[PDB]
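Working notes for the structure below.
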Amino acid sequence: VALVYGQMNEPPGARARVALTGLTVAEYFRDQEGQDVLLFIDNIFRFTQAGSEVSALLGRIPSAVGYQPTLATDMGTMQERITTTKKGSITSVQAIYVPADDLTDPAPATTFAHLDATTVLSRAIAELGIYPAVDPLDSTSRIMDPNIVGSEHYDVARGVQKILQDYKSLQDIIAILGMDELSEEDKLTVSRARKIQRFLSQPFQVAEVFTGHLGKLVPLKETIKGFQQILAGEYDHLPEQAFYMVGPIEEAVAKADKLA
Amino acid sequence: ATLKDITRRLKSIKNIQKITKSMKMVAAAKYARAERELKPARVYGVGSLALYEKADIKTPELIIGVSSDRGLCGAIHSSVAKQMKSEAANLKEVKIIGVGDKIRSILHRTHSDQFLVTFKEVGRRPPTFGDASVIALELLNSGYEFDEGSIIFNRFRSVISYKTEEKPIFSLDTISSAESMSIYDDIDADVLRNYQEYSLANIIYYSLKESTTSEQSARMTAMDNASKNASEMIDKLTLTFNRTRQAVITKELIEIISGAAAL
Amino acid sequence: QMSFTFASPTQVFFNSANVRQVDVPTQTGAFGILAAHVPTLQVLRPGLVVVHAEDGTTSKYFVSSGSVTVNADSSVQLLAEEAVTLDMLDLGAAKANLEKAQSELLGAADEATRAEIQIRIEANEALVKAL
């Protein structure tokens, strides 16, 4: 990683440009060495704000909500340099701050014009111990189209979510009226869902110096199969905790063994 | 449309939605249990009624309304009350009894000087034969030598429907001494006294067991809707809040610019 | 063929079942309703119910009280405030219970009070029979 910094004490113009500087660097590992670089802009809102400060200083009339008249171009001239050219591609993970919790606020609204996916980190999920604490129902992607990820991928994914949704429904019932008017059917959606929820968690190699556990980098193929089978009913006999913090389904099997 | 007021409203609706979703689930639980215990009750209650339909009973020549104490169950009470006033009018002497405080508060004032008794503690805990026996006893121990009475309650049909119905109380030990009753012989004039008393408790019990099933399914339904309306209201006020929030800033800023440019 | 219905507020045992005969405890003896019996009405008494099913080896039940009805049509309905199979009754208790009752009676002068005790005695006593 190369780190580029635009600290909060820097004047508008500096916090304004540092995301371009970082961009410059990344474009090299693509236009000069044709790799697949990763660009991280933390956070995309302070980019926009820096834009407004600069704008105001240049005495230009603000537009709706006080932002810059050039909000959309200031953003476009930067966002657009982030793509897959014939030489390689830059992929950007942008930390978003939504003002006033207003998703139609000009800053945020403009920004979604460019996003192809959202990764929603959730404190609730974390509380399940589940990590990464990504929310499987709130996180989204433009490319989740069978015409793009292929029917299999697309169906598994849509399978995982519905089940996760259904279980969500039952969640209310379980706690109140108690876990049993539950059908041979309603009891399976839960079981699997709970297995799934866990199978969606995973050990990171970045946290090895700490979790005393080995990181896993599951492959896409392994991912779709994994969930495919749980949906399928291939491991309904396996127990929940067999799936907590593992990589490929094979590990779910072996953990079960060590868990008698 | 003040960010203050909007916020005040959101505050009270988020709580309503919360308390209202809670009330729904509690009800659906009470309902579930009630729907089941109702299976046997019907057969039992329909059995009690098996004598009179299977063989005529009229009357030569007491309105009991059943519901509960708790509201927020759509039109459970208003229905029985509505039909209760209807009878008292069309009619022969008039005397009434209401089981469940709500009846005593609704088809009331107009007809207080037309009361005999009233019952409380109905609906929270599931009804029992025991409660029915108290109602029956309380009546037999009353100075009302009723010749004919009717019992008005809500007959369950499904979670989304019920029907206010009436059942005749020919309990008149006197009326059960008509021609049609000549078919059944070897009946002491006072064996009936026991028979009628009993069938009186059975009919009150039945109505009671039908009532809570209708009530818990209607409160469940009413609270489902209320909760869903709340959430929708929540979603709208929030969006109204952001539109307003953005316009105030824009509005306040254009005002500053106008003043500054004029100089 | 007679349609026999037997139930309590809480449980239902028979619903329009074609039974060949039933024995029920009444205030005046123990009437035996047959597939074809003359219409009648009677109040129950702590005792026993015997249901001669379509196929021999009859089933037994215990009743505390209630009513029984036989109509013009071959329809019969037995309704007990409480009706249980002997399978769930502890004889040991009943005894302990008949004792206490007969004791309270010996200490009661109040006509009404006595009645309430007398009735209890009768019931608990009737418990010995099939137990």
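Here, A, B, ... name the chains of the structure tokens in the order displayed, residue numbers run from 1 inside each chain, and ligands are numbered from 1 in the same displayed order.
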Check: which chain B residues lie within 6 Å of chain C using only C-alpha atoms, as a tab-separated table (two decimals) with N, CA, C and O atoms, in the first residue's frame:
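Writing done, so here's part37.tsv:
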chain	number	residue	atom	x	y	z
B	40	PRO	N	-63.08	-27.83	20.73
B	40	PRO	CA	-63.89	-28.60	21.65
B	40	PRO	C	-65.11	-27.84	22.13
B	40	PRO	O	-66.22	-28.37	22.17
B	41	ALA	N	-64.90	-26.58	22.51
B	41	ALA	CA	-65.96	-25.73	23.02
B	41	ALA	C	-67.17	-25.73	22.09
B	41	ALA	O	-68.29	-25.93	22.57
B	44	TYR	N	-68.96	-28.91	22.17
B	44	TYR	CA	-69.63	-28.94	23.47
B	44	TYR	C	-70.84	-28.02	23.50
B	44	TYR	O	-71.95	-28.44	23.82
B	184	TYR	N	-90.59	-36.40	25.02
B	184	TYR	CA	-89.67	-36.87	26.04
B	184	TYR	C	-90.43	-37.07	27.36
B	184	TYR	O	-90.79	-36.09	28.00
B	195	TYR	N	-81.57	-29.60	34.57
B	195	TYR	CA	-81.23	-29.62	33.16
B	195	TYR	C	-81.09	-28.21	32.59
B	195	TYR	O	-80.11	-27.91	31.90
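All of the residues in chain A within 7 Å of chain B are residues 64, 65, 66, 102 and 177 of chain A, where only C-alpha atoms were counted.
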ask   = When DSSP works through the backbone of this structure, what residues of range 26-227 of chain A end up as helix (DSSP H, G or I), shown as a ChimeraX atom specification?
value = /A:26-31,44-57,64-66,71-79,99-101,106-112,123-127,146-149,151-177,186-199,205-211,220-227
request  = For CA of residue 43 in chain A and CA of residue 93 in chain A, determine how far apart the two atoms are, in Å to one decimal place.
outcome  = 9.5 Å
Excluding same-chain residues fewer than 6 positions from residue 203 in chain B, what lies within 9 Å of it counting only C-alpha atoms, as a PDB file with N, CA and C atoms, in the first residue's frame?
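Dumped everything to around31.pdb:
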ATOM      1  N   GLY B  45     -70.661 -26.765  23.107  1.00  0.00           N
ATOM      2  CA  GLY B  45     -71.722 -25.775  23.081  1.00  0.00           C
ATOM      3  C   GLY B  45     -72.819 -26.108  22.082  1.00  0.00           C
ATOM      4  N   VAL B  46     -72.426 -26.620  20.923  1.00  0.00           N
ATOM      5  CA  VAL B  46     -73.389 -27.021  19.889  1.00  0.00           C
ATOM      6  C   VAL B  46     -74.188 -28.207  20.425  1.00  0.00           C
ATOM      7  N   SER B  48     -74.892 -28.671  23.669  1.00  0.00           N
ATOM      8  CA  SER B  48     -75.874 -28.099  24.589  1.00  0.00           C
ATOM      9  C   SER B  48     -77.105 -27.615  23.827  1.00  0.00           C
ATOM     10  N   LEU B  49     -76.875 -27.092  22.628  1.00  0.00           N
ATOM     11  CA  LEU B  49     -77.958 -26.588  21.793  1.00  0.00           C
ATOM     12  C   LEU B  49     -78.670 -27.734  21.086  1.00  0.00           C
ATOM     13  N   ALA B 132     -68.421 -18.922  33.386  1.00  0.00           N
ATOM     14  CA  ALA B 132     -69.788 -19.079  32.894  1.00  0.00           C
ATOM     15  C   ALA B 132     -70.732 -19.453  34.033  1.00  0.00           C
ATOM     16  N   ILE B 151     -78.829 -14.196  23.989  1.00  0.00           N
ATOM     17  CA  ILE B 151     -77.411 -13.956  24.277  1.00  0.00           C
ATOM     18  C   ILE B 151     -76.737 -13.501  22.984  1.00  0.00           C
ATOM     19  N   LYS B 167     -78.511 -15.997  20.428  1.00  0.00           N
ATOM     20  CA  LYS B 167     -78.944 -17.324  20.841  1.00  0.00           C
ATOM     21  C   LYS B 167     -80.054 -17.171  21.885  1.00  0.00           C
ATOM     22  N   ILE B 169     -82.581 -17.943  24.932  1.00  0.00           N
ATOM     23  CA  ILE B 169     -82.454 -18.545  26.252  1.00  0.00           C
ATOM     24  C   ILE B 169     -83.852 -18.894  26.767  1.00  0.00           C
TER      25      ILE B 169
END
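Among the candidates B:187, B:72, B:57, B:234, the residue lying nearest to residue 148 in chain B is B:57 (atoms considered: only C-alpha atoms).
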query = Which residues come within 9 Å of residue 167 in chain A, counting only C-alpha atoms, excluding same-chain residues fewer than 5 positions away, as a ChimeraX atom specification?
reply = /A:162,186,189-190,193-194
For the residues selected in the previous step, produce a file with N, CA, C and O atoms as a PDB file, in the first residue's frame.
ATOM      1  N   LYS A 162     -33.224 -14.611   0.434  1.00  0.00           N
ATOM      2  CA  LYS A 162     -34.616 -14.880   0.794  1.00  0.00           C
ATOM      3  C   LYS A 162     -34.667 -15.618   2.135  1.00  0.00           C
ATOM      4  O   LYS A 162     -35.393 -15.202   3.028  1.00  0.00           O
ATOM      5  N   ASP A 186     -40.906 -24.646   8.616  1.00  0.00           N
ATOM      6  CA  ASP A 186     -40.455 -23.432   9.269  1.00  0.00           C
ATOM      7  C   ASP A 186     -39.243 -23.619  10.148  1.00  0.00           C
ATOM      8  O   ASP A 186     -38.533 -22.655  10.432  1.00  0.00           O
ATOM      9  N   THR A 189     -36.021 -23.720   7.559  1.00  0.00           N
ATOM     10  CA  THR A 189     -35.594 -22.410   7.050  1.00  0.00           C
ATOM     11  C   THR A 189     -34.716 -21.748   8.128  1.00  0.00           C
ATOM     12  O   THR A 189     -33.715 -21.118   7.826  1.00  0.00           O
ATOM     13  N   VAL A 190     -35.165 -21.936   9.381  1.00  0.00           N
ATOM     14  CA  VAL A 190     -34.411 -21.361  10.489  1.00  0.00           C
ATOM     15  C   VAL A 190     -33.041 -22.028  10.571  1.00  0.00           C
ATOM     16  O   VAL A 190     -32.024 -21.363  10.412  1.00  0.00           O
ATOM     17  N   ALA A 193     -30.846 -21.104   7.729  1.00  0.00           N
ATOM     18  CA  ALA A 193     -30.574 -19.674   7.825  1.00  0.00           C
ATOM     19  C   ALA A 193     -29.471 -19.363   8.844  1.00  0.00           C
ATOM     20  O   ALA A 193     -28.594 -18.538   8.600  1.00  0.00           O
ATOM     21  N   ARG A 194     -29.589 -20.027   9.996  1.00  0.00           N
ATOM     22  CA  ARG A 194     -28.657 -19.873  11.094  1.00  0.00           C
ATOM     23  C   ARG A 194     -27.304 -20.488  10.709  1.00  0.00           C
ATOM     24  O   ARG A 194     -26.284 -20.070  11.247  1.00  0.00           O
TER      25      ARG A 194
END
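Note that DSSP on the backbone gives strand (DSSP E) to these residues of range 7-241 of chain A: residues 36, 37, 38, 39, 40, 41, 42, 89, 90, 91, 92, 93, 94, 95, 117, 118, 140 and 141 of chain A.
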Export C-alpha atoms of the chosen residues as a CSV table (one decimal), in the first residue's frame?
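Written output follows (out.csv):
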chain,number,residue,atom,x,y,z
A,36,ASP,CA,-5.7,-4.2,-11.0
A,37,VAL,CA,-5.1,-1.4,-8.5
A,38,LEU,CA,-7.4,-0.7,-5.5
A,39,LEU,CA,-8.2,3.0,-4.7
A,40,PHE,CA,-9.5,3.8,-1.2
A,41,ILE,CA,-10.9,7.3,-0.7
A,42,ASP,CA,-11.7,8.0,3.0
A,89,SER,CA,-8.3,-1.2,-14.0
A,90,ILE,CA,-8.6,0.9,-10.8
A,91,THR,CA,-11.3,-0.2,-8.4
A,92,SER,CA,-12.4,2.3,-5.7
A,93,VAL,CA,-13.6,1.7,-2.2
A,94,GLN,CA,-15.1,4.9,-1.0
A,95,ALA,CA,-16.1,5.7,2.5
A,117,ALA,CA,-22.1,-1.4,-5.1
A,118,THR,CA,-22.4,-0.7,-1.4
A,140,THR,CA,-25.9,-4.1,-2.7
A,141,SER,CA,-24.4,-4.4,-6.2
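Contact shell of residue 25 in chain C at 6 Å (only C-alpha atoms; same-chain neighbours under 2 positions omitted): residues 30, 44, 45 and 47 of chain C.
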Next, the residues of the selection above should be written as an mmCIF file, in the first residue's frame with N, CA and C atoms.
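Saved result, selection_0.cif, follows:
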data_model
loop_
_atom_site.group_PDB
_atom_site.id
_atom_site.type_symbol
_atom_site.label_atom_id
_atom_site.label_comp_id
_atom_site.auth_asym_id
_atom_site.auth_seq_id
_atom_site.Cartn_x
_atom_site.Cartn_y
_atom_site.Cartn_z
ATOM 1 N N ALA C 30 -78.648 -45.665 36.517
ATOM 2 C CA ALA C 30 -77.677 -45.622 35.431
ATOM 3 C C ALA C 30 -78.292 -46.118 34.125
ATOM 4 N N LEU C 44 -76.622 -35.548 35.134
ATOM 5 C CA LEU C 44 -75.628 -36.515 35.559
ATOM 6 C C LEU C 44 -75.373 -36.527 37.063
ATOM 7 N N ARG C 45 -74.559 -37.497 37.438
ATOM 8 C CA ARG C 45 -74.173 -37.795 38.816
ATOM 9 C C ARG C 45 -72.767 -38.394 38.750
ATOM 10 N N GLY C 47 -70.022 -40.637 38.520
ATOM 11 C CA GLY C 47 -70.037 -42.061 38.241
ATOM 12 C C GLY C 47 -69.144 -42.465 37.082
#
